[PDB]
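Here is the structure we will look at, set down as structure tokens.
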Amino acid sequence: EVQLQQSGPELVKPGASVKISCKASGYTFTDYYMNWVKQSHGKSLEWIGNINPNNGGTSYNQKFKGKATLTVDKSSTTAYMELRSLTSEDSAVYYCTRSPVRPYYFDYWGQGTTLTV
Amino acid sequence: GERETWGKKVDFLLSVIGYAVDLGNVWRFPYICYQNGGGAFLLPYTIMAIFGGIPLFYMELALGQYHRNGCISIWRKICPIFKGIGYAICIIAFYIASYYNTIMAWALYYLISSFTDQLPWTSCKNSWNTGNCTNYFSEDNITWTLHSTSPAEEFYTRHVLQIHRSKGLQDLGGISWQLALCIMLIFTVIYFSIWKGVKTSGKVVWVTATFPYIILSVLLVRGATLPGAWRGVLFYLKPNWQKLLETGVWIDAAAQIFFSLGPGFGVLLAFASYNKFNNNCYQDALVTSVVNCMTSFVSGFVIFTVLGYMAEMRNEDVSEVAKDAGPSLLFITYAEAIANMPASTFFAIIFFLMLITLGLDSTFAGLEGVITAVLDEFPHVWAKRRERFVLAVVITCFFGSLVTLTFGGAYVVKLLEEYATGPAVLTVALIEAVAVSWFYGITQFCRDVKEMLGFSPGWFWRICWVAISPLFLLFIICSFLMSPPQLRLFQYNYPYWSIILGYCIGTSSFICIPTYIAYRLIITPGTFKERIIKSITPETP
Amino acid sequence: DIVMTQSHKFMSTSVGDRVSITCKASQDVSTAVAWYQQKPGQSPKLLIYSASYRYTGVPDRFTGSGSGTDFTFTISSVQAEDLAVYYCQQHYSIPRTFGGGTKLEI
Ligand SMILES: CCCCCCCCCCCCO[C@@H]1O[C@H](CO)[C@@H](O[C@H]2O[C@H](CO)[C@@H](O)[C@H](O)[C@H]2O)[C@H](O)[C@H]1O
Ligand SMILES: Ic1ccc([C@@H]2CCNC[C@H]2COc2ccc3c(c2)OCO3)cc1
Ligand SMILES: *[C@@H]1O[C@H](CO)[C@@H](O)[C@H](O)[C@H]1NC(C)=O
Ligand SMILES: *[C@@H]1O[C@H](CO)[C@@H](O)[C@H](O)[C@H]1NC(C)=O
């Protein structure tokens with residue numbers, strides 16, 4: 001009923017950059033946080049950051065201070081997160097998901113794309 | 001001569017202690033302490049108090065006690081080239097009497113509305129609240145929309161403020177009537193309390209400045225019993241030695257200690273001008289600084305144990321609910337907290353009474369200081385009818401504050417708070433300290449201090465008077481002048497034209513100091529050397 | 001930060017037995033704990049949030065409790081379709097973090 005689209009994988013060379021989109025289909029785009037989260041190959045999940053679609057605000061992780069930056073657009077219904085300083089240790093699958101304000105659980109996730117190096 | 005002293009020494013001590021404490025010891029100190037360092041914030045705060053606030057406090061106190069004149073009539077006998085300090089201080093006091101009194105008006109409205117068994121913010125079943133209602137949790141089943149607001153937040157943004165009808169800062173919306181009536185009442189109280197002078201101001205401070213402490217003790221005893229009231233205390237006492245490394249923490253501590261002790265302003269001086277001559281103004285300054293620090297500490301305790309109780313009832317990590325930087329922390333969060341406790345009515349009444357009596361004494365002290373200044377400056381056309389011109393200055397503050405009593409008055413009060421105060425008062429205090437220490441002579445000041453009470457202070461006080469407090473003040477001014485703040489309020493971002501307006505209001509008081517240095521030499525003209533030596537020499541009584 | 005430690009990554013049992021896993025928190029957390037289910041290859045699936053409330057789209061088989069530091073995620077009569085790496089996530093503080101999980105054997 002509610003699907004979260006995402007971008008496709010890409011053989012990114014060490015040094016280049018890549019961004020992944022997200023589409024909130026089924027529920028309104030600007031009524032819950034659009035969180036991002038990472039997990040390495042056969043490892044645990046790592047939160048990337050939070051974004052506010054209504055005003056473009058964001059709150060990124062401390063392990064991705066300058067490492068990652070996120071943007072959103074309620075006119076095109078996208079969620080552009082910018083990933084810079086890519087390597088092999090930081091190249092794995094990423095997830096886009098929704099979350100309301102202060103129960104902070106991730107209800108619906110995207111299909112999941114892998115940024116392999 | 002006609003120096004109207006106080007009834008007792010404890011009277012002046014209570015008056016100056018009341019001038020010290022204000023809302024800023026409740027809404028600012030705990031928030032800034034949590035943001036900048038957490039529990040470890042006490043070390044830079046105490047350091048900058050010992051080095052930055054106490055020295056200037058004691059210096060201006062002893063100066064006003066010795067010379068026995070206002071903050072404008074003292075420059076005739078200190079440094080006539082810097083008589084604009086008094087005019088700039090009157091302008092700053094006008095700005096404060098304009099913006100600060102709106103907080104008191106809101107608190108009085110909250111008080112008069114809280115007289116109901118069902119608090120107006122414990123449930124949004126009213127006309128003002130819209131469909132975006134989400135009542136207090138009481139459970140974890142409910143989900144929160146990104147635009148969902150609590151009933152107390154809705155009450156604060158729609159009924160007591162009526163800010164939803166603000167389609168832009170370019171207009172105001174219209175002056176409300178309830179807030180206008182509350183501010184009329186509070187200004188009538190101020191006028192009927194400061195009409196005679198320190199004789200009745202000291203009688204009203206006896207209940208005005210002592211009432212906040214009993215309410216604070218009651219609230220602390222309550223916070224010592226609430227469920228989960230230790231989480232907030234732990235967050236308030238959890239040190240962060242890594243955050244202390246940053247310079248922003250030290251800047252915040254310095255700004256907080258300055259705008260809490262309020263040194264180098266012109267109210268301590270105007271009060272000590274009515275004090276006795278041989279009085280021990282050193283012990284008074286020490287005990288006032290200590291009691292102000294302890295009041296801020298106890299207020300941090302009570303506020304953060306209340307937020308800890310809230311984070312226990314609601315979700316924890318008090319930073320999630322303590323996102324409002326400003327008086328909303330007392331108006332939104334504390335309202336929710338008191339609403340969740342049983343018998344919320346009595347606690348609401350005592351808390352809003354604590355707020356109103358924390359504002360009352362401070363406004364009394366500021367207006368009394370500016371009135372004493374203008375009276376000491378013109379003792380012939382004035383000082384013959386002292387009960388007169390006080391109604392005039394009260395109507396002046398009212399006409400200046402009507403622009404803040406509109407529907408979108410929160411933006412105006414925030415703009416006046418964060419821009420019309422800081423740099424102006426800091427530069428004024430800096431150049432005043434330079435005038436008193438460097439221009440007037442540190443040795444002369446120490447000799448007058450010795451002759452006044454009976455002993456000269458040590459070399460440490462001299463170091464803090466000549467080098468430590470000047471570098472402290474200039475550090476603050478160069479920190480605040482190198483970071484234009486893009487402040488917001490309720491997601492209402494301020495454009496650059498608002499920043500230009502704030503900068504203009506800021507310098508709208510300092511420029512009165514070059515005004516005097518310009519239009520004073522028109523009566524004593526001549527060469528440059530004779531003018532530069534006549535401007536520095538004081539008056540000869 | 002507030003590290004999320006759980007039971008061993010392999011502690012499990014056969015089909016049709018009482019499965020109980022824990023999730024220890026470095027800081028005392030009242031109820032700010034969630035539980036997601038990571039089926040092999042796909043995205044995590046939310047089952048329970050606030051440590052006692054199962055999100056919509058849940059079978060009554062999944063249960064869980066706990067408070068303070070140790071949160072008891074209990075479930076009995078496990079079926080052949082409910083074996084996945086169950087992650088433990090907390091709502092406590094930013095930056096939020098997940099857990100490690102545990103493989104199901106057998
Ligand atoms: C040289 C003569 C004087 C020239 C004056 C020119 C006008 C200056 C206009 C105001 C300039 C900035 O004014 C000053 O901004 C700072 C931040 O930048 C505000 O400071 C605010 O944000 C800072 C963050 O840095 C917080 O730590 C602080 O607690 C808060 O008050 C001050 O409250 C305000 O006093
Ligand atoms: I810039 C500035 C900002 C705050 C302060 C003091 C700091 C602590 N103690 C109270 C406060 C006194 O500030 C006033 C309050 C009411 C007033 C008033 C002045 O003038 C008439 O009404 C000093 C300078
Ligand atoms: C809540 O407010 C937002 C914007 O202020 C609005 O878009 C939304 O429709 C409101 N919700 C309800 C239920 O009125
Ligand atoms: C709240 O959620 C719990 C889930 O355990 C449920 O048992 C209860 O009935 C719910 N209360 C409501 C829907 O009022």
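Neighbour counts are summed over all protein chains in view; Cβ atoms, including those assigned to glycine, are modelled from backbone coordinates with ideal geometry. Values in this text are rule-based calculations from the coordinates and carry no lab data.
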Check: Checking B:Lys199 against (1) within 14 Å of another protein chain (Cβ to nearest Cβ); (2) touching an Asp or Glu at 6+ places or on another chain (Cβ under 9 Å); (3) not polar (S, T, N, Q), which single condition isn't satisfied?
Finding: (1)
Margin query: Out of A:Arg98, A:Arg84, I need the residue that is surrounded by fewer than 21 Cβ atoms within 10 Å (Cβ to Cβ), charged (D, E, K, R) and more than 8 Å from chain C (Cβ to nearest Cβ). Which one?
Written below: A:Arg84
Next item on the list: Name the single residue, out of those in region B:465-488 being more than 8 Å from ligand 1 (Cβ to nearest atom) and of a type outside the set (A, V, I, L, M, F, W, C), that is nearest to the other protein chains (Cβ to nearest Cβ).
Entry: B:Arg488
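Considering each of B:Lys83, B:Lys77 in turn, give the residue that is touching a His at 6+ places or on another chain (Cβ under 6 Å) and either over 30 Å from C:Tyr53 (Cα atoms) or β-branched (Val, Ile, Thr) (or both).
On the way: B:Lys83 fails: touching a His at 6+ places or on another chain (Cβ under 6 Å).
Unique residue meeting the criteria: B:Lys77.
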Next item on the list: Exactly one condition in (1) within 12 Å of chain A (Cβ to nearest Cβ); (2) farther than 20 Å from B:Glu139 by Cα; (3) part of a loop (DSSP other than H, G, I, E, B) is not met by C:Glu105; state its number.
Entry: (1)
Notebook entry, point to check: Could you say which residue among B:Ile72, B:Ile81, B:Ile112 is assigned to a loop (DSSP other than H, G, I, E, B) and away from ligand 1 (no atom under 16 Å from the Cβ)?
Noted result: B:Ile72
Note to self: Residues that are in contact with a helix residue (DSSP H, G or I) (Cβ under 7 Å, 6 or more places away or on another chain), away from ligand 2 (no atom under 16 Å from the Cβ) and in contact (Cβ under 8 Å) with a residue 24 or more places away in the chain: does region B:197-205 have at least one?
What the structure shows: yes
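Give the residue that is farthest from ligand 1 (Cβ to nearest atom), with candidates limited to residues of region C:54-70 that are within 19 Å of B:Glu139 (Cβ to Cβ) and in contact with a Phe, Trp or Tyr (Cβ under 9 Å, 6 or more places away or on another chain). Before you say what the answer is, go through the steps one by one.
Narrowing region C:54-70 to residues within 19 Å of B:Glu139 (Cβ to Cβ): C:54-56, C:58, C:63-67.
From what is left, the residues that are in contact with a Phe, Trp or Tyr (Cβ under 9 Å, 6 or more places away or on another chain) are C:54-55, C:63-66.
On the way: C:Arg54: 44, C:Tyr55: 40, C:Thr63: 48, C:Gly64: 43, C:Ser65: 43, C:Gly66: 40 Å.
Step by step, filter region C:54-70, then rank; the result is C:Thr63.
Restricting attention to region B:203-213, which residues are part of a helix (DSSP H, G or I) and surrounded by fewer than 22 Cβ atoms within 10 Å (Cβ to Cβ)?
First pass over region B:203-213, keeping only residues part of a helix (DSSP H, G or I): B:203-208, B:211-213.
Of everything in region B:203-213, those that are part of a helix (DSSP H, G or I) and surrounded by fewer than 22 Cβ atoms within 10 Å (Cβ to Cβ) turn out to be B:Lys203, B:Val204, B:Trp206, B:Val207, B:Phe211, B:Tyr213.
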Item checked: Scan of region C:66-106 for residues that are farther than 30 Å from A:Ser59 by Cα and surrounded by fewer than 17 Cβ atoms within 10 Å (Cβ to Cβ), ordered by number -> C:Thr72, C:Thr74, C:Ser76, C:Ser77, C:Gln79, C:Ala80, C:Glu81, C:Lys103, C:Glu105, C:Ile106
Next item on the list: Considering (1) away from ligand 2 (no atom under 16 Å from the Cβ); (2) more than 14 Å from chain C (Cβ to nearest Cβ); (3) among the small types (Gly, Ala, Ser), say which one B:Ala107 fails and leave the rest.
Entry: (1)
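Would you please name the residue that is farthest from the chain's Cα centre (by Cα), looking only at residues in region A:27-53 that are hydroxyl-bearing (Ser, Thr, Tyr) and farther than 21 Å from A:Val101 by Cβ? Outline the logic, then answer.
First, the residues of region A:27-53 that are hydroxyl-bearing (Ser, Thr, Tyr): A:27-28, A:30, A:32-33, A:40, A:44.
Then drop every residue that is not farther than 21 Å from A:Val101 by Cβ, which leaves A:40, A:44.
Values: A:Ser40: 14, A:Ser44: 16 Å.
Checked region A:27-53; the qualifying residue farthest from the chain's Cα centre (by Cα) is A:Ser44.
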Check: Which of the residues belonging to region A:24-76 are part of a strand (DSSP E or B), of a type in the set (S, T, N, Q) and within 13 Å of chain C (Cβ to nearest Cβ)?
Finding: A:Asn35, A:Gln39, A:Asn50, A:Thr58, A:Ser59
Checklist line | Hits in region B:152-176 - residues which are within 15 Å of ligand 3 (Cβ to nearest atom) and without any contact (Cβ under 8 Å) to a residue 40 or more places away in the chain | finding: B:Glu154, B:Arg158, B:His164, B:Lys167
Next item on the list: Select from region B:336-372 the residues that are assigned to a loop (DSSP other than H, G, I, E, B) and out of contact with any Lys or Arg (no Cβ under 9 Å at 6 or more places or on another chain) and list them in ascending order.
Entry: B:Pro342, B:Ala343
Item checked: Residue list for region B:500-531, filter: closer than 22 Å to B:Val412 by Cβ and either in contact (Cβ under 8 Å) with a residue 40 or more places away in the chain or within 16 Å of ligand 2 (Cβ to nearest atom) (or both) -> B:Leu501, B:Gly502, B:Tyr503, B:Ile505, B:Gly506, B:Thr507, B:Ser508, B:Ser509, B:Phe510
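One residue is enough: does region B:240-251 have a residue meeting the conditions away from chain C (no Cβ under 14 Å), closer than 24 Å to B:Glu432 by Cβ and either within 16 Å of ligand 1 (Cβ to nearest atom) or in a helix (DSSP H, G or I) (or both)?
Keep residues of region B:240-251 that are away from chain C (no Cβ under 14 Å), which gives B:241, B:243-251.
With the extra rule that they be closer than 24 Å to B:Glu432 by Cβ, the set shrinks to B:250-251.
Now restrict to residues that are either within 16 Å of ligand 1 (Cβ to nearest atom) or in a helix (DSSP H, G or I) (or both): B:250-251.
Within region B:240-251 (the criterion being away from chain C (no Cβ under 14 Å), closer than 24 Å to B:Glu432 by Cβ and either within 16 Å of ligand 1 (Cβ to nearest atom) or in a helix (DSSP H, G or I) (or both)), the answer is yes, since at least one residue qualifies.
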